[PDB]
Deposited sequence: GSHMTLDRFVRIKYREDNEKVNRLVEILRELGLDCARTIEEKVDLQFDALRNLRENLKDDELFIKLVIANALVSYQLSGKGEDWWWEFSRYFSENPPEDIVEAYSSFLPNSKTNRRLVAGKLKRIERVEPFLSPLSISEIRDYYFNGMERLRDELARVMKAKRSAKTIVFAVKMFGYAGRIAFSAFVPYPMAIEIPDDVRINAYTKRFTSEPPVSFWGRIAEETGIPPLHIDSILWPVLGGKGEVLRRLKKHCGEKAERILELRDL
C-alpha cells in the first residue's frame, strides 16, 4: 500500500503520548453521554436494569432526530422520571413521543423486541463477566441475537456504551478489547487516506497494536480530532496534541 511513513510515525507517537488516559478522559468528561449514564444509574439503583437499558437504547441509536448527546440525556431523564418494567412497552411510548429519536420507530421497536429475550434473563453476575472478561463475546452474541453482521455499526456501538455502563456500575475501568476493530466511519475513512491507501480496519488494527490503545479507544480520541473547549479544559497540556492530530 502507498503509505506516508513519516506521517504514520508521527501519528503513532502522538497517540502513544495521549494514551488510554486521554481516551478515558474524552469518554468520561468530554462526551456528555457518559454523565447522562451516571445520572440514570444513580436514579434507578438497579444495575441489571440500567445496563440492559443502555444496551437496548444503543441498539436503537441510529438515524436519530437530534444530536447523540441530546438523545442520551433525553433517555436518561425520561427513564429517571418514568422508570420502566416492560421494556418493549416503555419504548413503544418513549420513542414516538421523544424529541431526539422519533424516526423509524417501527424498526426500532422490532429490534427491542428481538433483543429482550436475550437481555432479560441475564444476571448481574453474567453481566459482570461480559464486562470484565467478555466484551468481544458480548459483541458476537449481540450480533447473533440481532441477526446482524459481527461488525455491524450499531452492534459495536452497543458494546461501546455497555463499556461506559459497566465502568459506572462496577466502579472499575476495563479497556475495550483489541479484537473489536475500528468503527466504520465516514470521517475516519477520510482521515485514514491522509496516511495510507490501506483499508482502515487493517490500518487502525496495527496502530492499536503499536500504541497499545484498542481501536474503540482510538475512536474516542479521533472524535474531537475529526467540544474542543471541553477537551482543552480536561486533558490539560495534552489537548494541544489533539490539535496536532487534526493538522497531520
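Participant: What are the missing stretches of the deposited sequence, listed from start to end?
Facilitator: Model skips 1 to 13, 240 to 244 of the deposited chain.
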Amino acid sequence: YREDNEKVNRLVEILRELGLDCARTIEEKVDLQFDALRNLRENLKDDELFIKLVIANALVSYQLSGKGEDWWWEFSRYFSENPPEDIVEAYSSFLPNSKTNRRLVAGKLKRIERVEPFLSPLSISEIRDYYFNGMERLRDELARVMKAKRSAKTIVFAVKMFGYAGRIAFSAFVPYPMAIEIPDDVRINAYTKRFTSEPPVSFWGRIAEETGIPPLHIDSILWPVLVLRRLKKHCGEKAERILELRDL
From here on, numbers count along this sequence of modelled residues.
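Participant: Given the B-factors recorded for C-alpha atoms, which segment has the greater mean, 173 to 181 or 111 to 119?
Facilitator: Looking at the record's C-alpha B-factors, the answer is 173 to 181.
Participant: Output the stretch having the higher mean C-alpha B factor in the entry; the candidates are 31 to 39 and 209 to 217.
Facilitator: On average, C-alpha B-factors are higher across 209 to 217.
Participant: Can you tell me which of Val60, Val186, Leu49, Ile26 has the highest Cα temperature factor in the record?
Facilitator: If I rank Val60, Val186, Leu49, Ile26 by C-alpha B-factor, first place goes to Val186.
Participant: Among the modelled residues of this chain, does the Cα B factor of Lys45 put it in the lowest, middle or highest third?
Facilitator: Lowest third.
Participant: What third of the chain does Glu85 rank in for C-alpha temperature factor, lowest, middle or highest?
Facilitator: Within its chain, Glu85 is a highest-third residue by C-alpha B-factor, going by the deposited values.
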